[PDB]
């Protein structure tokens, strides 16, 4: 347990999954300046996504690796992971449809997926783990209950997240539950219902101190602190993540949860690149953003992080593909784009090019 920042005094384990993707990406880059910059990216900590159940054994391999690094160097390792396999996943979109279906034993399959993750963690208990819990799940219950799939997935999302939280907390994993972003849950009308909902999940999950708080901006592109206001944010007083967090935090406290936050800035380097705030799929000309750091602009924020690993696609732009979503066909999307989660070379090259602050060789 701990009252304070779980990232404090730890080396962050560097994703080998992402390192190999970056190394292969770098090998194909013409420009030697862009090549040397691309290579710097694998030294920047990212989160490791378990978006499919066949990846669960990889966790044991990562924990064994981090354990061996810890024993060899004497330096404490922290492994950053994402839990992302709810049944009827991403109910308002087709892009990240998911392997588990509520029509086909999805809930029980999901509990087994969590149990599999837990049994790897039990195998290697000497390394601290920070887990992001189920991006693009509960945020849907606030604003998207007009969608048939979301309405049908509600009890499953709650039960699934609560179960994930209870199993991981028992093992001393630090959890941050996904809480959308400023252009989703930051709108004044959505603030109180969000604080209510996440506080409820926190209660049902036993109020364990290992349930540290919430993760924002996962797989999105919002500024943490906007020097200049992006026009796409007009109408919303919370036009950046800091404003969103500062608006939501005191509401959470009164609802019985003094929650902390982490903020994705992995693709936040270039602002003003969206026609609508709701456009999220492979947004064209994005850049790597603010680097992971514990030097944050608020007491509520444990860390700036890179959760979504830049270069992995958000969704396919192929109109004939089963998982095609209209958001991935928009004029401000990078096209042609491959399936969600797969390597998107052209996009990564722009991320590197457009890095802000710029990447060093």
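Residue numbers count along the first chain shown, from 1.
- Between 239-247 and 221-229, it is 221-229 that carries the larger average Cα temperature factor according to the deposited entry.
- Higher mean CA temperature factor, per the PDB entry, when comparing 250-258 with 129-137: 250-258.
- Of the residues listed, 66, 33, 44, 307, the entry assigns the biggest Cα temperature factor to 33.
- The entry assigns its greatest Cα B factor, within the set 163, 288, 113, 124, to 124.
- Residue 14 sits in the middle third of its chain by CA B factor, as recorded in the PDB entry.
- The deposited CA B-factor of residue 151 belongs to the highest third of values across its chain.
- For residue 183, the recorded CA B-factor ranks within the lowest third of the chain. Only modelled residues enter the ranking.
- In the PDB entry, residue 326 places in the highest third of its chain by CA B-factor.
- When the modelled residues of the chain are ordered by C-alpha B-factor, residue 98 sits in the highest third.
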